[PDB]
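Structure data follow from structure_34.pdb (PDB, N, CA and C atoms):
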ATOM      1  N   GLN A 846      31.945  16.970 -22.837  1.00  0.00           N
ATOM      2  CA  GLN A 846      32.907  16.555 -21.823  1.00  0.00           C
ATOM      3  C   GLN A 846      32.794  17.428 -20.579  1.00  0.00           C
ATOM      4  N   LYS A 847      33.574  18.503 -20.540  1.00  0.00           N
ATOM      5  CA  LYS A 847      33.534  19.430 -19.421  1.00  0.00           C
ATOM      6  C   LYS A 847      32.484  20.508 -19.682  1.00  0.00           C
ATOM      7  N   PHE A 848      32.483  21.550 -18.852  1.00  0.00           N
ATOM      8  CA  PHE A 848      31.348  22.463 -18.812  1.00  0.00           C
ATOM      9  C   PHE A 848      31.409  23.504 -19.925  1.00  0.00           C
ATOM     10  N   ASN A 849      32.447  24.337 -19.931  1.00  0.00           N
ATOM     11  CA  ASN A 849      32.543  25.457 -20.865  1.00  0.00           C
ATOM     12  C   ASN A 849      33.868  25.389 -21.613  1.00  0.00           C
ATOM     13  N   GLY A 850      33.878  24.684 -22.741  1.00  0.00           N
ATOM     14  CA  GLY A 850      35.024  24.666 -23.622  1.00  0.00           C
ATOM     15  C   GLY A 850      36.251  23.957 -23.100  1.00  0.00           C
ATOM     16  N   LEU A 851      36.323  23.656 -21.809  1.00  0.00           N
ATOM     17  CA  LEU A 851      37.461  22.911 -21.290  1.00  0.00           C
ATOM     18  C   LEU A 851      37.446  21.485 -21.813  1.00  0.00           C
ATOM     19  N   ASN A 852      38.635  20.935 -22.039  1.00  0.00           N
ATOM     20  CA  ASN A 852      38.747  19.556 -22.475  1.00  0.00           C
ATOM     21  C   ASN A 852      40.031  18.971 -21.916  1.00  0.00           C
ATOM     22  N   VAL A 853      39.977  17.702 -21.531  1.00  0.00           N
ATOM     23  CA  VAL A 853      41.142  16.975 -21.044  1.00  0.00           C
ATOM     24  C   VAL A 853      41.421  15.828 -22.002  1.00  0.00           C
ATOM     25  N   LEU A 854      42.698  15.605 -22.292  1.00  0.00           N
ATOM     26  CA  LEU A 854      43.043  14.603 -23.278  1.00  0.00           C
ATOM     27  C   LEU A 854      43.779  13.442 -22.623  1.00  0.00           C
ATOM     28  N   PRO A 855      43.532  12.210 -23.067  1.00  0.00           N
ATOM     29  CA  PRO A 855      44.177  11.069 -22.432  1.00  0.00           C
ATOM     30  C   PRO A 855      45.649  11.011 -22.792  1.00  0.00           C
ATOM     31  N   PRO A 856      46.480  10.424 -21.939  1.00  0.00           N
ATOM     32  CA  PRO A 856      47.898  10.283 -22.272  1.00  0.00           C
ATOM     33  C   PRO A 856      48.100   9.238 -23.353  1.00  0.00           C
ATOM     34  N   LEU A 857      49.253   9.324 -24.016  1.00  0.00           N
ATOM     35  CA  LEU A 857      49.551   8.367 -25.074  1.00  0.00           C
ATOM     36  C   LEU A 857      49.775   6.968 -24.524  1.00  0.00           C
ATOM     37  N   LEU A 858      50.357   6.848 -23.338  1.00  0.00           N
ATOM     38  CA  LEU A 858      50.704   5.550 -22.775  1.00  0.00           C
ATOM     39  C   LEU A 858      49.675   5.167 -21.720  1.00  0.00           C
ATOM     40  N   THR A 859      49.051   4.008 -21.896  1.00  0.00           N
ATOM     41  CA  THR A 859      48.168   3.477 -20.871  1.00  0.00           C
ATOM     42  C   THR A 859      48.974   3.100 -19.634  1.00  0.00           C
ATOM     43  N   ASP A 860      48.343   3.220 -18.466  1.00  0.00           N
ATOM     44  CA  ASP A 860      49.038   2.858 -17.235  1.00  0.00           C
ATOM     45  C   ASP A 860      49.459   1.392 -17.231  1.00  0.00           C
ATOM     46  N   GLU A 861      48.716   0.538 -17.932  1.00  0.00           N
ATOM     47  CA  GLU A 861      49.072  -0.875 -18.001  1.00  0.00           C
ATOM     48  C   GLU A 861      50.411  -1.075 -18.701  1.00  0.00           C
ATOM     49  N   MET A 862      50.612  -0.411 -19.838  1.00  0.00           N
ATOM     50  CA  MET A 862      51.870  -0.567 -20.557  1.00  0.00           C
ATOM     51  C   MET A 862      53.017   0.124 -19.829  1.00  0.00           C
ATOM     52  N   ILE A 863      52.712   1.151 -19.037  1.00  0.00           N
ATOM     53  CA  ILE A 863      53.708   1.722 -18.135  1.00  0.00           C
ATOM     54  C   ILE A 863      54.172   0.675 -17.132  1.00  0.00           C
ATOM     55  N   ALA A 864      53.215   0.002 -16.490  1.00  0.00           N
ATOM     56  CA  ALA A 864      53.563  -1.071 -15.569  1.00  0.00           C
ATOM     57  C   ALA A 864      54.329  -2.176 -16.275  1.00  0.00           C
ATOM     58  N   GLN A 865      54.050  -2.383 -17.559  1.00  0.00           N
ATOM     59  CA  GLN A 865      54.763  -3.414 -18.299  1.00  0.00           C
ATOM     60  C   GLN A 865      56.233  -3.037 -18.477  1.00  0.00           C
ATOM     61  N   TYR A 866      56.502  -1.784 -18.861  1.00  0.00           N
ATOM     62  CA  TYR A 866      57.883  -1.301 -18.883  1.00  0.00           C
ATOM     63  C   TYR A 866      58.566  -1.478 -17.535  1.00  0.00           C
ATOM     64  N   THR A 867      57.891  -1.091 -16.451  1.00  0.00           N
ATOM     65  CA  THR A 867      58.523  -1.219 -15.141  1.00  0.00           C
ATOM     66  C   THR A 867      58.849  -2.675 -14.835  1.00  0.00           C
ATOM     67  N   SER A 868      57.932  -3.585 -15.166  1.00  0.00           N
ATOM     68  CA  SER A 868      58.182  -5.004 -14.940  1.00  0.00           C
ATOM     69  C   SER A 868      59.367  -5.494 -15.760  1.00  0.00           C
ATOM     70  N   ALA A 869      59.460  -5.066 -17.019  1.00  0.00           N
ATOM     71  CA  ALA A 869      60.586  -5.482 -17.848  1.00  0.00           C
ATOM     72  C   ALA A 869      61.904  -4.992 -17.268  1.00  0.00           C
ATOM     73  N   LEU A 870      61.936  -3.738 -16.813  1.00  0.00           N
ATOM     74  CA  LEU A 870      63.154  -3.203 -16.215  1.00  0.00           C
ATOM     75  C   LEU A 870      63.537  -3.980 -14.964  1.00  0.00           C
ATOM     76  N   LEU A 871      62.555  -4.284 -14.116  1.00  0.00           N
ATOM     77  CA  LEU A 871      62.843  -5.007 -12.883  1.00  0.00           C
ATOM     78  C   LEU A 871      63.357  -6.413 -13.173  1.00  0.00           C
ATOM     79  N   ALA A 872      62.753  -7.095 -14.148  1.00  0.00           N
ATOM     80  CA  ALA A 872      63.217  -8.432 -14.500  1.00  0.00           C
ATOM     81  C   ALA A 872      64.632  -8.394 -15.057  1.00  0.00           C
ATOM     82  N   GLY A 873      64.922  -7.419 -15.917  1.00  0.00           N
ATOM     83  CA  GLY A 873      66.276  -7.291 -16.425  1.00  0.00           C
ATOM     84  C   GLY A 873      67.285  -7.060 -15.319  1.00  0.00           C
ATOM     85  N   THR A 874      66.948  -6.188 -14.366  1.00  0.00           N
ATOM     86  CA  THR A 874      67.853  -5.938 -13.250  1.00  0.00           C
ATOM     87  C   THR A 874      68.098  -7.201 -12.440  1.00  0.00           C
ATOM     88  N   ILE A 875      67.036  -7.937 -12.110  1.00  0.00           N
ATOM     89  CA  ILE A 875      67.212  -9.086 -11.227  1.00  0.00           C
ATOM     90  C   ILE A 875      67.844 -10.275 -11.932  1.00  0.00           C
ATOM     91  N   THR A 876      67.818 -10.323 -13.264  1.00  0.00           N
ATOM     92  CA  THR A 876      68.384 -11.471 -13.964  1.00  0.00           C
ATOM     93  C   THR A 876      69.762 -11.208 -14.560  1.00  0.00           C
ATOM     94  N   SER A 877      69.925 -10.138 -15.336  1.00  0.00           N
ATOM     95  CA  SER A 877      71.147  -9.919 -16.096  1.00  0.00           C
ATOM     96  C   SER A 877      72.154  -9.034 -15.377  1.00  0.00           C
TER
ATOM     97  N   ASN B 537      11.252  29.985 -15.804  1.00  0.00           N
ATOM     98  CA  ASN B 537      11.244  30.977 -14.726  1.00  0.00           C
ATOM     99  C   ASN B 537      12.212  32.123 -15.009  1.00  0.00           C
ATOM    100  N   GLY B 538      12.270  32.546 -16.270  1.00  0.00           N
ATOM    101  CA  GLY B 538      13.140  33.630 -16.666  1.00  0.00           C
ATOM    102  C   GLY B 538      14.581  33.244 -16.907  1.00  0.00           C
ATOM    103  N   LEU B 539      14.950  31.989 -16.675  1.00  0.00           N
ATOM    104  CA  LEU B 539      16.290  31.504 -16.973  1.00  0.00           C
ATOM    105  C   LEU B 539      16.283  30.866 -18.353  1.00  0.00           C
ATOM    106  N   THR B 540      17.062  31.430 -19.266  1.00  0.00           N
ATOM    107  CA  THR B 540      17.149  30.936 -20.631  1.00  0.00           C
ATOM    108  C   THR B 540      18.417  30.111 -20.776  1.00  0.00           C
ATOM    109  N   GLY B 541      18.279  28.918 -21.346  1.00  0.00           N
ATOM    110  CA  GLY B 541      19.417  28.039 -21.512  1.00  0.00           C
ATOM    111  C   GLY B 541      19.218  27.113 -22.689  1.00  0.00           C
ATOM    112  N   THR B 542      20.268  26.356 -22.989  1.00  0.00           N
ATOM    113  CA  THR B 542      20.245  25.383 -24.070  1.00  0.00           C
ATOM    114  C   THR B 542      20.871  24.090 -23.579  1.00  0.00           C
ATOM    115  N   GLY B 543      20.166  22.984 -23.771  1.00  0.00           N
ATOM    116  CA  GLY B 543      20.669  21.707 -23.310  1.00  0.00           C
ATOM    117  C   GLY B 543      19.661  20.603 -23.551  1.00  0.00           C
ATOM    118  N   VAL B 544      19.929  19.463 -22.924  1.00  0.00           N
ATOM    119  CA  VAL B 544      19.113  18.264 -23.051  1.00  0.00           C
ATOM    120  C   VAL B 544      18.480  17.984 -21.698  1.00  0.00           C
ATOM    121  N   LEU B 545      17.168  17.775 -21.698  1.00  0.00           N
ATOM    122  CA  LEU B 545      16.391  17.598 -20.481  1.00  0.00           C
ATOM    123  C   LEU B 545      16.202  16.113 -20.204  1.00  0.00           C
ATOM    124  N   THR B 546      16.511  15.696 -18.978  1.00  0.00           N
ATOM    125  CA  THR B 546      16.390  14.299 -18.590  1.00  0.00           C
ATOM    126  C   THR B 546      15.768  14.236 -17.202  1.00  0.00           C
ATOM    127  N   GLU B 547      15.123  13.116 -16.887  1.00  0.00           N
ATOM    128  CA  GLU B 547      14.562  12.952 -15.553  1.00  0.00           C
ATOM    129  C   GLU B 547      15.667  12.781 -14.516  1.00  0.00           C
ATOM    130  N   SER B 548      15.334  13.097 -13.268  1.00  0.00           N
ATOM    131  CA  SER B 548      16.301  13.134 -12.182  1.00  0.00           C
ATOM    132  C   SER B 548      15.848  12.255 -11.026  1.00  0.00           C
ATOM    133  N   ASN B 549      16.820  11.635 -10.360  1.00  0.00           N
ATOM    134  CA  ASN B 549      16.561  10.879  -9.145  1.00  0.00           C
ATOM    135  C   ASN B 549      16.699  11.719  -7.882  1.00  0.00           C
ATOM    136  N   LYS B 550      17.183  12.952  -7.996  1.00  0.00           N
ATOM    137  CA  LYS B 550      17.332  13.814  -6.835  1.00  0.00           C
ATOM    138  C   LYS B 550      15.994  14.437  -6.454  1.00  0.00           C
ATOM    139  N   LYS B 551      15.899  14.861  -5.195  1.00  0.00           N
ATOM    140  CA  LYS B 551      14.670  15.413  -4.637  1.00  0.00           C
ATOM    141  C   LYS B 551      14.961  16.784  -4.046  1.00  0.00           C
ATOM    142  N   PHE B 552      14.353  17.821  -4.614  1.00  0.00           N
ATOM    143  CA  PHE B 552      14.520  19.150  -4.049  1.00  0.00           C
ATOM    144  C   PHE B 552      13.627  19.335  -2.833  1.00  0.00           C
ATOM    145  N   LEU B 553      13.901  20.395  -2.097  1.00  0.00           N
ATOM    146  CA  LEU B 553      12.944  20.897  -1.133  1.00  0.00           C
ATOM    147  C   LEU B 553      11.794  21.567  -1.883  1.00  0.00           C
ATOM    148  N   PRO B 554      10.571  21.497  -1.359  1.00  0.00           N
ATOM    149  CA  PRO B 554       9.431  22.083  -2.078  1.00  0.00           C
ATOM    150  C   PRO B 554       9.489  23.597  -2.228  1.00  0.00           C
ATOM    151  N   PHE B 555      10.593  24.222  -1.822  1.00  0.00           N
ATOM    152  CA  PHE B 555      10.739  25.664  -1.940  1.00  0.00           C
ATOM    153  C   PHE B 555      11.865  26.101  -2.860  1.00  0.00           C
ATOM    154  N   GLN B 556      12.817  25.228  -3.168  1.00  0.00           N
ATOM    155  CA  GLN B 556      13.893  25.552  -4.088  1.00  0.00           C
ATOM    156  C   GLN B 556      13.538  25.102  -5.499  1.00  0.00           C
ATOM    157  N   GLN B 557      14.031  25.848  -6.483  1.00  0.00           N
ATOM    158  CA  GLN B 557      13.730  25.573  -7.881  1.00  0.00           C
ATOM    159  C   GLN B 557      14.948  25.241  -8.724  1.00  0.00           C
ATOM    160  N   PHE B 558      16.138  25.677  -8.328  1.00  0.00           N
ATOM    161  CA  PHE B 558      17.314  25.631  -9.185  1.00  0.00           C
ATOM    162  C   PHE B 558      18.396  24.770  -8.551  1.00  0.00           C
ATOM    163  N   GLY B 559      18.958  23.862  -9.346  1.00  0.00           N
ATOM    164  CA  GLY B 559      20.052  23.021  -8.901  1.00  0.00           C
ATOM    165  C   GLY B 559      21.374  23.556  -9.420  1.00  0.00           C
ATOM    166  N   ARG B 560      22.361  23.605  -8.532  1.00  0.00           N
ATOM    167  CA  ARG B 560      23.677  24.125  -8.861  1.00  0.00           C
ATOM    168  C   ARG B 560      24.744  23.178  -8.337  1.00  0.00           C
ATOM    169  N   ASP B 561      25.929  23.276  -8.925  1.00  0.00           N
ATOM    170  CA  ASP B 561      27.062  22.438  -8.571  1.00  0.00           C
ATOM    171  C   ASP B 561      28.130  23.275  -7.871  1.00  0.00           C
ATOM    172  N   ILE B 562      29.265  22.641  -7.573  1.00  0.00           N
ATOM    173  CA  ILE B 562      30.365  23.360  -6.940  1.00  0.00           C
ATOM    174  C   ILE B 562      30.948  24.395  -7.891  1.00  0.00           C
ATOM    175  N   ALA B 563      30.906  24.131  -9.195  1.00  0.00           N
ATOM    176  CA  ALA B 563      31.359  25.094 -10.190  1.00  0.00           C
ATOM    177  C   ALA B 563      30.396  26.261 -10.355  1.00  0.00           C
ATOM    178  N   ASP B 564      29.256  26.231  -9.665  1.00  0.00           N
ATOM    179  CA  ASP B 564      28.277  27.315  -9.679  1.00  0.00           C
ATOM    180  C   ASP B 564      27.712  27.532 -11.084  1.00  0.00           C
ATOM    181  N   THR B 565      27.062  26.490 -11.596  1.00  0.00           N
ATOM    182  CA  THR B 565      26.309  26.583 -12.838  1.00  0.00           C
ATOM    183  C   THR B 565      24.996  25.834 -12.670  1.00  0.00           C
ATOM    184  N   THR B 566      24.017  26.203 -13.492  1.00  0.00           N
ATOM    185  CA  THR B 566      22.672  25.652 -13.379  1.00  0.00           C
ATOM    186  C   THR B 566      22.606  24.299 -14.072  1.00  0.00           C
ATOM    187  N   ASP B 567      22.163  23.273 -13.346  1.00  0.00           N
ATOM    188  CA  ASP B 567      22.038  21.949 -13.943  1.00  0.00           C
ATOM    189  C   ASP B 567      20.766  21.199 -13.579  1.00  0.00           C
ATOM    190  N   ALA B 568      19.926  21.706 -12.682  1.00  0.00           N
ATOM    191  CA  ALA B 568      18.681  21.033 -12.345  1.00  0.00           C
ATOM    192  C   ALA B 568      17.588  22.067 -12.137  1.00  0.00           C
ATOM    193  N   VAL B 569      16.430  21.829 -12.752  1.00  0.00           N
ATOM    194  CA  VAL B 569      15.348  22.806 -12.779  1.00  0.00           C
ATOM    195  C   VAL B 569      14.018  22.109 -12.515  1.00  0.00           C
ATOM    196  N   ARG B 570      13.129  22.808 -11.814  1.00  0.00           N
ATOM    197  CA  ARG B 570      11.780  22.330 -11.547  1.00  0.00           C
ATOM    198  C   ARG B 570      10.809  22.919 -12.560  1.00  0.00           C
ATOM    199  N   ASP B 571      10.009  22.057 -13.178  1.00  0.00           N
ATOM    200  CA  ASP B 571       9.023  22.517 -14.144  1.00  0.00           C
ATOM    201  C   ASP B 571       7.942  23.335 -13.441  1.00  0.00           C
ATOM    202  N   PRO B 572       7.498  24.440 -14.039  1.00  0.00           N
ATOM    203  CA  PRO B 572       6.500  25.287 -13.372  1.00  0.00           C
ATOM    204  C   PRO B 572       5.088  24.722 -13.420  1.00  0.00           C
ATOM    205  N   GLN B 573       4.740  24.019 -14.497  1.00  0.00           N
ATOM    206  CA  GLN B 573       3.390  23.479 -14.617  1.00  0.00           C
ATOM    207  C   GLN B 573       3.187  22.280 -13.702  1.00  0.00           C
ATOM    208  N   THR B 574       3.960  21.222 -13.913  1.00  0.00           N
ATOM    209  CA  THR B 574       3.869  20.014 -13.109  1.00  0.00           C
ATOM    210  C   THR B 574       5.105  19.914 -12.226  1.00  0.00           C
ATOM    211  N   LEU B 575       4.913  19.433 -11.004  1.00  0.00           N
ATOM    212  CA  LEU B 575       5.978  19.403 -10.005  1.00  0.00           C
ATOM    213  C   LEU B 575       6.881  18.205 -10.274  1.00  0.00           C
ATOM    214  N   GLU B 576       8.006  18.451 -10.940  1.00  0.00           N
ATOM    215  CA  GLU B 576       9.025  17.430 -11.138  1.00  0.00           C
ATOM    216  C   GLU B 576      10.364  18.125 -11.321  1.00  0.00           C
ATOM    217  N   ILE B 577      11.431  17.335 -11.263  1.00  0.00           N
ATOM    218  CA  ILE B 577      12.792  17.851 -11.266  1.00  0.00           C
ATOM    219  C   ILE B 577      13.529  17.251 -12.455  1.00  0.00           C
ATOM    220  N   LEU B 578      14.171  18.104 -13.252  1.00  0.00           N
ATOM    221  CA  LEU B 578      14.837  17.667 -14.468  1.00  0.00           C
ATOM    222  C   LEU B 578      16.291  18.109 -14.463  1.00  0.00           C
ATOM    223  N   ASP B 579      17.160  17.223 -14.938  1.00  0.00           N
ATOM    224  CA  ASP B 579      18.569  17.514 -15.134  1.00  0.00           C
ATOM    225  C   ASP B 579      18.808  18.054 -16.538  1.00  0.00           C
ATOM    226  N   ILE B 580      19.791  18.943 -16.641  1.00  0.00           N
ATOM    227  CA  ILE B 580      20.164  19.594 -17.888  1.00  0.00           C
ATOM    228  C   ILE B 580      21.578  19.160 -18.239  1.00  0.00           C
ATOM    229  N   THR B 581      21.741  18.579 -19.421  1.00  0.00           N
ATOM    230  CA  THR B 581      23.056  18.172 -19.889  1.00  0.00           C
ATOM    231  C   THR B 581      23.416  18.941 -21.146  1.00  0.00           C
ATOM    232  N   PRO B 582      24.577  19.589 -21.200  1.00  0.00           N
ATOM    233  CA  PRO B 582      24.953  20.307 -22.422  1.00  0.00           C
ATOM    234  C   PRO B 582      25.135  19.342 -23.581  1.00  0.00           C
ATOM    235  N   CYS B 583      24.658  19.747 -24.756  1.00  0.00           N
ATOM    236  CA  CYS B 583      24.845  18.903 -25.924  1.00  0.00           C
ATOM    237  C   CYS B 583      26.301  18.967 -26.387  1.00  0.00           C
ATOM    238  N   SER B 584      26.732  17.893 -27.045  1.00  0.00           N
ATOM    239  CA  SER B 584      28.153  17.598 -27.181  1.00  0.00           C
ATOM    240  C   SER B 584      28.888  18.679 -27.965  1.00  0.00           C
ATOM    241  N   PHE B 585      30.177  18.821 -27.665  1.00  0.00           N
ATOM    242  CA  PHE B 585      31.037  19.780 -28.342  1.00  0.00           C
ATOM    243  C   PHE B 585      32.483  19.329 -28.199  1.00  0.00           C
TER
END

Just dump the structure as structure tokens.
Amino acid sequence: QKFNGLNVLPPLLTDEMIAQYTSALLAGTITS
Amino acid sequence: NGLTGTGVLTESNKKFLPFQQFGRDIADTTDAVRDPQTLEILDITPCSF
């Protein structure tokens, strides 16, 4: 991966599913 | 050329000047070397860890 022992780890939540949460919140706000 | 290292040798698309031998990055480590026998440029990739 990186040069000397460094490593970066991916986040648990994909940015797509983050956007999905945001969309759900926005739809709930505008409807209910 | 007196530089000892461990890695994987691969061909390179980059072109050195005919006077430089060593390729370095912004992190200041060796990653490209010119063979002493035949004139060509090789990239060095660390094996996985």

Check your understanding: Which polymer residues have any atom within 9 Å of an atom of residue 568 (chain B), counting only C-alpha atoms, with same-chain residues fewer than 2 positions away left out, as a PyMOL selection string?
Key -> chain B and resi 548+557-560+566+570+577-580

Review point. How far is it from atom C of residue 564 (chain B) to CA of residue 852 (chain A), in Å with one decimal?
Key: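 Between these atoms lies a distance of 17.8 Å.
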
Exercise for review: Please write the residues picked by the ChimeraX specification (/A@CA @<10) & /B@CA on this file as a list in words.
Suggested key: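 Checked against the file, the ChimeraX specification (/A@CA @<10) & /B@CA matches residues 563, 565, 581, 582, 583, 584 and 585 of chain B.
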
Point to revise | Interatomic distance (Å, one decimal) between CA of residue 554 (chain B) and atom N of residue 541 (chain B) | key: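 According to the coordinates, CA of residue 554 (chain B) and atom N of residue 541 (chain B) are separated by 22.3 Å.
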
Exercise for review: Go through chain A and collect every residue that DSSP, computed from the backbone, puts in alpha helix (DSSP H); the answer should be as a list in words.
Suggested key: residues 860, 861, 862, 863, 864, 865, 866, 867, 868, 869, 870, 871, 872, 873, 874, 875 and 876 of chain A

For the residues in that selection, give me N, CA and C atoms as a PDB file, in the frame of the given file.
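Done, and the output landed in result04.pdb:
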ATOM      1  N   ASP A 860      48.343   3.220 -18.466  1.00  0.00           N
ATOM      2  CA  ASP A 860      49.038   2.858 -17.235  1.00  0.00           C
ATOM      3  C   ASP A 860      49.459   1.392 -17.231  1.00  0.00           C
ATOM      4  N   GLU A 861      48.716   0.538 -17.932  1.00  0.00           N
ATOM      5  CA  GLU A 861      49.072  -0.875 -18.001  1.00  0.00           C
ATOM      6  C   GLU A 861      50.411  -1.075 -18.701  1.00  0.00           C
ATOM      7  N   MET A 862      50.612  -0.411 -19.838  1.00  0.00           N
ATOM      8  CA  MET A 862      51.870  -0.567 -20.557  1.00  0.00           C
ATOM      9  C   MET A 862      53.017   0.124 -19.829  1.00  0.00           C
ATOM     10  N   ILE A 863      52.712   1.151 -19.037  1.00  0.00           N
ATOM     11  CA  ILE A 863      53.708   1.722 -18.135  1.00  0.00           C
ATOM     12  C   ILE A 863      54.172   0.675 -17.132  1.00  0.00           C
ATOM     13  N   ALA A 864      53.215   0.002 -16.490  1.00  0.00           N
ATOM     14  CA  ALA A 864      53.563  -1.071 -15.569  1.00  0.00           C
ATOM     15  C   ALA A 864      54.329  -2.176 -16.275  1.00  0.00           C
ATOM     16  N   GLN A 865      54.050  -2.383 -17.559  1.00  0.00           N
ATOM     17  CA  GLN A 865      54.763  -3.414 -18.299  1.00  0.00           C
ATOM     18  C   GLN A 865      56.233  -3.037 -18.477  1.00  0.00           C
ATOM     19  N   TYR A 866      56.502  -1.784 -18.861  1.00  0.00           N
ATOM     20  CA  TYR A 866      57.883  -1.301 -18.883  1.00  0.00           C
ATOM     21  C   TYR A 866      58.566  -1.478 -17.535  1.00  0.00           C
ATOM     22  N   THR A 867      57.891  -1.091 -16.451  1.00  0.00           N
ATOM     23  CA  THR A 867      58.523  -1.219 -15.141  1.00  0.00           C
ATOM     24  C   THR A 867      58.849  -2.675 -14.835  1.00  0.00           C
ATOM     25  N   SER A 868      57.932  -3.585 -15.166  1.00  0.00           N
ATOM     26  CA  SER A 868      58.182  -5.004 -14.940  1.00  0.00           C
ATOM     27  C   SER A 868      59.367  -5.494 -15.760  1.00  0.00           C
ATOM     28  N   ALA A 869      59.460  -5.066 -17.019  1.00  0.00           N
ATOM     29  CA  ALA A 869      60.586  -5.482 -17.848  1.00  0.00           C
ATOM     30  C   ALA A 869      61.904  -4.992 -17.268  1.00  0.00           C
ATOM     31  N   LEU A 870      61.936  -3.738 -16.813  1.00  0.00           N
ATOM     32  CA  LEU A 870      63.154  -3.203 -16.215  1.00  0.00           C
ATOM     33  C   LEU A 870      63.537  -3.980 -14.964  1.00  0.00           C
ATOM     34  N   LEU A 871      62.555  -4.284 -14.116  1.00  0.00           N
ATOM     35  CA  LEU A 871      62.843  -5.007 -12.883  1.00  0.00           C
ATOM     36  C   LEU A 871      63.357  -6.413 -13.173  1.00  0.00           C
ATOM     37  N   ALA A 872      62.753  -7.095 -14.148  1.00  0.00           N
ATOM     38  CA  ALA A 872      63.217  -8.432 -14.500  1.00  0.00           C
ATOM     39  C   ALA A 872      64.632  -8.394 -15.057  1.00  0.00           C
ATOM     40  N   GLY A 873      64.922  -7.419 -15.917  1.00  0.00           N
ATOM     41  CA  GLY A 873      66.276  -7.291 -16.425  1.00  0.00           C
ATOM     42  C   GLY A 873      67.285  -7.060 -15.319  1.00  0.00           C
ATOM     43  N   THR A 874      66.948  -6.188 -14.366  1.00  0.00           N
ATOM     44  CA  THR A 874      67.853  -5.938 -13.250  1.00  0.00           C
ATOM     45  C   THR A 874      68.098  -7.201 -12.440  1.00  0.00           C
ATOM     46  N   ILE A 875      67.036  -7.937 -12.110  1.00  0.00           N
ATOM     47  CA  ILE A 875      67.212  -9.086 -11.227  1.00  0.00           C
ATOM     48  C   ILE A 875      67.844 -10.275 -11.932  1.00  0.00           C
ATOM     49  N   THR A 876      67.818 -10.323 -13.264  1.00  0.00           N
ATOM     50  CA  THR A 876      68.384 -11.471 -13.964  1.00  0.00           C
ATOM     51  C   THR A 876      69.762 -11.208 -14.560  1.00  0.00           C
TER      52      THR A 876
END

Point to revise | Members of chain B assigned strand (DSSP E or B) by DSSP, as a PyMOL selection string | key: chain B and resi 544-547+558-560+566-570+577-581

Practice item. Can you work out the spacing between CA of residue 854 (chain A) and atom N of residue 871 (chain A) in Å, to one decimal? Key: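 Here the two named atoms are 28.7 Å from each other.
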